[PDB]
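With compact mmCIF, C-alpha atoms inside, this is final_28.txt:
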```
# COMPACT_ATOMS: atom_id res chain seq x y z
CA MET E 1 -126.21 82.09 8.94
CA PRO E 2 -128.22 83.24 5.90
CA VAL E 3 -129.52 86.78 6.41
CA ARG E 4 -132.99 87.79 5.23
CA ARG E 5 -132.16 91.25 3.87
CA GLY E 6 -135.32 93.11 2.88
CA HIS E 7 -134.24 93.85 -0.69
CA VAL E 8 -134.88 92.76 -4.28
CA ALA E 9 -133.16 92.68 -7.67
CA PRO E 10 -132.81 90.77 -10.96
CA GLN E 11 -130.69 87.61 -10.96
CA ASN E 12 -131.40 84.94 -13.57
CA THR E 13 -128.00 84.68 -15.25
CA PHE E 14 -126.30 81.86 -13.35
CA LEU E 15 -129.40 80.59 -11.54
CA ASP E 16 -130.78 79.88 -15.02
CA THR E 17 -127.79 77.67 -15.83
CA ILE E 18 -128.99 75.04 -13.36
CA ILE E 19 -132.53 75.23 -14.75
CA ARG E 20 -131.38 73.43 -17.89
CA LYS E 21 -129.72 70.76 -15.75
CA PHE E 22 -132.75 70.13 -13.53
CA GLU E 23 -134.41 68.89 -16.72
CA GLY E 24 -132.63 65.60 -16.08
CA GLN E 25 -130.81 66.10 -12.79
CA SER E 26 -134.09 65.10 -11.15
CA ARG E 27 -135.99 63.89 -14.21
CA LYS E 28 -139.75 63.51 -13.84
CA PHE E 29 -142.18 61.02 -12.29
CA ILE E 30 -145.94 60.69 -11.81
CA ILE E 31 -148.18 58.06 -10.23
CA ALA E 32 -151.90 57.49 -10.76
CA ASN E 33 -154.49 55.34 -8.99
CA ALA E 34 -157.03 53.14 -10.77
CA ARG E 35 -159.60 54.66 -8.41
CA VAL E 36 -159.09 58.16 -9.80
CA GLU E 37 -161.53 60.50 -8.07
CA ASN E 38 -161.41 63.14 -10.80
CA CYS E 39 -159.64 61.07 -13.46
CA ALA E 40 -156.25 62.64 -12.76
CA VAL E 41 -152.77 61.83 -11.44
CA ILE E 42 -152.35 61.08 -7.74
CA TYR E 43 -148.76 62.27 -7.33
CA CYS E 44 -146.33 64.30 -9.44
CA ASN E 45 -142.64 64.78 -8.68
CA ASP E 46 -141.47 68.38 -8.25
CA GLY E 47 -139.90 68.00 -11.68
CA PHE E 48 -143.21 67.69 -13.51
CA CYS E 49 -144.37 70.97 -11.98
CA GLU E 50 -141.06 72.61 -12.87
CA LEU E 51 -141.53 71.41 -16.45
CA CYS E 52 -145.06 72.70 -17.05
CA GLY E 53 -144.15 75.72 -14.94
CA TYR E 54 -147.59 75.42 -13.36
CA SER E 55 -148.81 75.83 -9.79
CA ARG E 56 -148.72 73.10 -7.15
CA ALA E 57 -152.52 73.12 -7.05
CA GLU E 58 -152.57 73.17 -10.85
CA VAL E 59 -150.18 70.25 -11.33
CA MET E 60 -151.71 68.04 -8.63
CA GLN E 61 -155.01 67.80 -10.52
CA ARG E 62 -154.15 67.10 -14.16
CA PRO E 63 -154.70 64.00 -16.32
CA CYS E 64 -151.87 61.55 -17.00
CA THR E 65 -152.72 61.80 -20.70
CA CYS E 66 -151.13 65.24 -20.94
CA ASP E 67 -154.46 66.40 -22.37
CA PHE E 68 -153.82 69.92 -21.06
CA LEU E 69 -150.55 69.72 -23.00
CA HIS E 70 -152.06 68.29 -26.18
CA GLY E 71 -153.82 70.15 -28.97
CA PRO E 72 -155.31 69.93 -32.48
CA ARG E 73 -151.78 70.40 -33.82
CA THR E 74 -150.16 67.71 -31.68
CA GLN E 75 -149.79 64.11 -32.85
CA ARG E 76 -152.94 62.08 -32.18
CA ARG E 77 -150.95 58.88 -31.68
CA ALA E 78 -150.08 60.32 -28.26
CA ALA E 79 -153.66 60.56 -26.99
CA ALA E 80 -154.45 57.18 -28.53
CA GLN E 81 -151.35 55.37 -27.29
CA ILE E 82 -152.00 56.72 -23.80
CA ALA E 83 -155.72 55.92 -23.89
CA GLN E 84 -155.19 52.36 -25.14
CA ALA E 85 -152.21 51.88 -22.83
CA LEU E 86 -154.34 52.95 -19.86
CA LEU E 87 -157.30 50.77 -20.84
CA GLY E 88 -155.03 47.75 -20.49
CA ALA E 89 -152.55 49.23 -18.02
CA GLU E 90 -149.70 47.57 -19.91
CA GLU E 91 -146.10 48.72 -20.39
CA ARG E 92 -146.49 51.26 -23.19
CA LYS E 93 -144.57 54.46 -23.96
CA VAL E 94 -145.43 57.26 -26.38
CA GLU E 95 -143.91 60.60 -27.40
CA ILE E 96 -145.99 63.78 -27.27
CA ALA E 97 -145.24 67.39 -28.19
CA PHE E 98 -146.08 69.56 -25.18
CA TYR E 99 -145.60 73.30 -24.62
CA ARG E 100 -143.69 74.99 -21.80
CA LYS E 101 -144.25 78.25 -19.92
CA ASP E 102 -141.28 79.81 -21.70
CA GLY E 103 -143.25 79.62 -24.93
CA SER E 104 -141.02 76.84 -26.25
CA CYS E 105 -142.22 73.40 -27.32
CA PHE E 106 -140.68 69.92 -27.29
CA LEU E 107 -141.50 66.22 -27.55
CA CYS E 108 -141.32 64.12 -24.38
CA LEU E 109 -141.84 60.37 -24.09
CA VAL E 110 -144.27 59.01 -21.50
CA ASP E 111 -144.07 55.38 -20.39
CA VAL E 112 -147.02 53.83 -18.55
CA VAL E 113 -146.60 50.81 -16.28
CA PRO E 114 -148.77 49.29 -13.52
CA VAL E 115 -147.54 48.83 -9.95
CA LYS E 116 -148.32 45.39 -8.51
CA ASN E 117 -147.78 44.32 -4.91
CA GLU E 118 -146.01 41.40 -3.22
CA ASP E 119 -148.97 39.32 -4.40
CA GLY E 120 -148.80 40.69 -7.93
CA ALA E 121 -152.06 42.61 -7.58
CA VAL E 122 -152.00 45.78 -9.68
CA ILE E 123 -153.37 48.48 -7.38
CA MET E 124 -152.10 51.65 -9.08
CA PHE E 125 -150.14 52.72 -12.15
CA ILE E 126 -146.90 54.67 -12.50
CA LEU E 127 -145.63 56.73 -15.44
CA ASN E 128 -142.21 58.15 -16.30
CA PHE E 129 -141.04 60.92 -18.63
CA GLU E 130 -138.20 60.84 -21.15
CA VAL E 131 -137.17 63.66 -23.49
CA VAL E 132 -136.97 62.58 -27.13
CA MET E 133 -137.02 65.83 -29.12
CA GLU E 134 -135.95 68.81 -27.02
CA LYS E 135 -136.45 71.60 -29.55
```
What is this file in structure tokens?
Amino acid sequence: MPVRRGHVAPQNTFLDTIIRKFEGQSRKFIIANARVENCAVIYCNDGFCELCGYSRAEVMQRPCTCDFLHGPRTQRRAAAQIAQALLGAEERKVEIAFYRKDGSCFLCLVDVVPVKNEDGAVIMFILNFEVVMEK
């Protein structure tokens, strides 16, 4: 019987301890369709949103190339590996240095793999994340 209680106060000491665990406790996952309407991901696990600390309407409309997370200072191999990997839709993973909402930065690996059906017909593509250099 959780009471509402019309109050408010600071509390990010212990609740923040689980935040570091969620990083892997639920990992990340994103799926994209070859028929991209706006050239963006179709679905993104709650984790992805929790990682980029963005809004639901801001995470459900971003490219699978982490372009919004890439810059002129980030490795180019990332944008290339992703671009080439998408052009062929073949199993290919690449590490990219993205920035978080906390101001911190780290390198996360992104594997791209197509999703065929019972007939082996690749309809859409799925991608998975994997921390490699958590600075």
Open item on the list: I'd like the contact shell of residue 113 in chain E - 7 Å cut-off, only C-alpha atoms, skipping same-chain residues fewer than 6 positions apart - returned as a ChimeraX atom specification.
Closed with: /E:89-92,125-127
- [ ] Considering only C-alpha atoms, return as an MDAnalysis selection string whatever protein or nucleic-acid residues lie within 7 Å of range 32-35 of chain E, sequence-local ones (same chain, fewer than 6 positions apart) excluded.
- [x] chainID E and resid 41:43 123:126
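When only C-alpha atoms are used to compute distances to residue 134 in chain E, the closest of the residues E:24, E:68, E:15, E:85 turns out to be E:24.
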- [ ] Would you please work out which residue, of E:57, E:115, E:97, E:121, is nearest to residue 72 in chain E when using only C-alpha atoms?
- [x]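 Looking at the shortest contact to residue 72 in chain E, the residue is E:97.
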TODO: Starting from the point (-153.8, 64.7, -24.4), work out which residues of protein, DNA or RNA have an atom no more than 12 Å away when counting all atoms listed in the file; state them as a ChimeraX atom specification.
DONE: /E:62-83,94-99,110
- [ ] Show me as an MDAnalysis selection string the residues that reach within 7 Å of (-139.4, 56.6, -16.1), counting all atoms listed in the file and using the file's own coordinates.
- [x] chainID E and resid 29 111 127:130
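Here CA of residue 107 in chain E and CA of residue 49 in chain E stand 16.5 Å from one another.
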Might you pull out every residue within 7 Å of residue 52 in chain E, with only C-alpha atoms counted and same-chain residues fewer than 3 positions away left off, and present them as a PDB file with C-alpha atoms, in the frame of the given file?
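Listed below is the output, out.pdb:
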```pdb
ATOM      1  CA  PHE E  48    -143.210  67.690 -13.510  1.00  0.00           C
ATOM      2  CA  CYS E  49    -144.370  70.970 -11.980  1.00  0.00           C
ATOM      3  CA  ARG E 100    -143.690  74.990 -21.800  1.00  0.00           C
ATOM      4  CA  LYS E 101    -144.250  78.250 -19.920  1.00  0.00           C
TER       5      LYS E 101
END
```
What does range 50-90 of chain E look like written to a file with C-alpha atoms, as a CSV table (one decimal), in the first residue's frame?
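Writing done, so here's selection_20.csv:
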```
chain,number,residue,atom,x,y,z
E,50,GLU,CA,18.7,5.5,-20.1
E,51,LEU,CA,22.2,5.6,-21.7
E,52,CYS,CA,21.9,8.7,-23.8
E,53,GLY,CA,19.7,10.1,-21.0
E,54,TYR,CA,17.4,11.5,-23.8
E,55,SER,CA,13.6,11.7,-24.0
E,56,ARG,CA,11.4,8.9,-25.3
E,57,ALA,CA,10.4,11.0,-28.3
E,58,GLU,CA,14.1,11.9,-28.7
E,59,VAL,CA,15.4,8.3,-28.6
E,60,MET,CA,12.7,6.8,-30.8
E,61,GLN,CA,13.8,8.8,-33.8
E,62,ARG,CA,17.6,8.6,-34.0
E,63,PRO,CA,19.9,6.9,-36.5
E,64,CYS,CA,21.5,3.5,-35.8
E,65,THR,CA,24.8,5.0,-36.8
E,66,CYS,CA,25.1,6.9,-33.5
E,67,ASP,CA,25.5,10.0,-35.7
E,68,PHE,CA,24.1,12.2,-32.9
E,69,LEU,CA,26.7,10.7,-30.7
E,70,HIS,CA,29.6,11.0,-33.1
E,71,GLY,CA,31.7,14.1,-33.8
E,72,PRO,CA,34.8,15.6,-35.5
E,73,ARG,CA,36.8,14.3,-32.6
E,74,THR,CA,35.4,10.7,-32.6
E,75,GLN,CA,37.0,7.9,-34.6
E,76,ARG,CA,35.9,7.9,-38.2
E,77,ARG,CA,36.2,4.1,-38.4
E,78,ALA,CA,32.9,4.0,-36.5
E,79,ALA,CA,30.8,5.9,-39.0
E,80,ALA,CA,32.5,4.0,-41.8
E,81,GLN,CA,32.2,0.5,-40.3
E,82,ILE,CA,28.5,1.2,-39.6
E,83,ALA,CA,27.9,2.7,-43.0
E,84,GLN,CA,29.6,-0.2,-44.8
E,85,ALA,CA,28.1,-2.8,-42.5
E,86,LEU,CA,24.6,-1.4,-43.2
E,87,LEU,CA,25.1,-1.3,-46.9
E,88,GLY,CA,25.6,-5.0,-46.8
E,89,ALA,CA,23.6,-5.7,-43.7
E,90,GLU,CA,26.3,-8.3,-42.6
```
